[PDB]
Structure formats: C-alpha cells, structure tokens
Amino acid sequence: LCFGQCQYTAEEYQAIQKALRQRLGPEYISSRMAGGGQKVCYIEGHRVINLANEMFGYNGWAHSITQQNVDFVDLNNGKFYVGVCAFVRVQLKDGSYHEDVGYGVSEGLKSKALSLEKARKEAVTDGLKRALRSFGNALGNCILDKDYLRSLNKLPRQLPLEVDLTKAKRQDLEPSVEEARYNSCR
C-alpha cells in the first residue's frame, strides 16, 4: 500500500477534483519582459511545489526526470547561447501520471558553466511545472488562458506580502513528528 498503489478514497478524490478547478489569484502570478517587449505571465517554481504539496500531500505526488538533453552550446562572440530540454514525469500515489517537456535557456553570459547550470536547472523546473498543469487550473492550467489573464489585469495592483518569521522552524528536532514516528513502529 505504498506510493503508486494507493487508490483515492471517494472523499479525498472528490475534494481534490473540486479544488483543482480553482483558478489562482494574483498572489501566484508573476511576470517578465519577453524579447518582443511583451509581458509574459508565469508561476514561480516554489509556488507550484507548495501548491502540489498542499493539494496532494508531501507524500501524494512525485516527479522524475525521464531525460535531459543539451540541445546546443554556442559561443558567438565572447558569450554563450545554450538551449536545454528536460522531460519530467509527475505521478500521484494513485499511479496516475503526466509527462511534459520543459526548456531552459541561457543567452549572453560569458561563463560556460554558469550558462549550462542555468539552462539545465530551468529546463527541469519548467518541465515540472508543465507536467503539473495537467492536473488542473489550481496547479497552473489557467496560466495560458487569455481570458483568465485578461481578467487578472483588471484586478487591483497588489503589494508584495510580508512573511512572518515569527513561527519559522528554528531547530532540526521535530517533537510531534518524532512522537508520531515512534508510535508508528507499533
């Protein structure tokens, strides 16, 4: 009854089906400037990872890199141009799964190492994000829907939120977790 062999209970299946339908608020979306001097919306990897963890549980989803391929490493002046693709397969405790390609780009740096590093890492993250979109709007599928983007723009400018470090983990030991783990062995 380990990962890949669970079957969702009607209650968890139903809760998730509904939750996945939600589109995400402005607090999730960020943007950058495309070469064409045009806005590009996207969700940052860390937000997607937390959405996934909260949607399926830290132990309810997984991902692996089926393959990563460096498309090219070009030196055209004193600078490097690098294109990398990754194929990421994400899976639920269910055994259900989705796979997609992510692409990573680095153009202009003078460091070969730094260029490769950027491109390889972004390809994986980009792939993880695209694979996860398959589960629904709440995991990013709304993101490329022009009507969603449009109605997002008609929303209030929004101030970045302050993070409250008051209750941040401040040491390794996890008392409650240790308690549970010791009772589990029984």
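All residue numbers are counted from 1 along the displayed sequence.
- When the two stretches 143-151 and 55-63 are set side by side, the higher mean Cα temperature factor goes to 143-151.
- Averaged over Cα atoms, the B-factor as recorded in the entry is higher for 154-162 than for the other of 118-126 and 154-162.
- Set against one another, the Cα B-factors of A138, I29, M33, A131 in the record reach their highest point at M33.
- Ranked by Cα temperature factor within the chain, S96 sits in the lowest third according to the deposited record.
- Residue-level temperature factors show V82 in the lowest third of its chain, judged at the C-alpha atom.
- In the deposited entry, the Cα temperature factor of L75 sits in the top third of values across the chain's modelled residues.
- Among all modelled residues in this chain, the alpha-carbon of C41 has a temperature factor (C-alpha) in the highest third.
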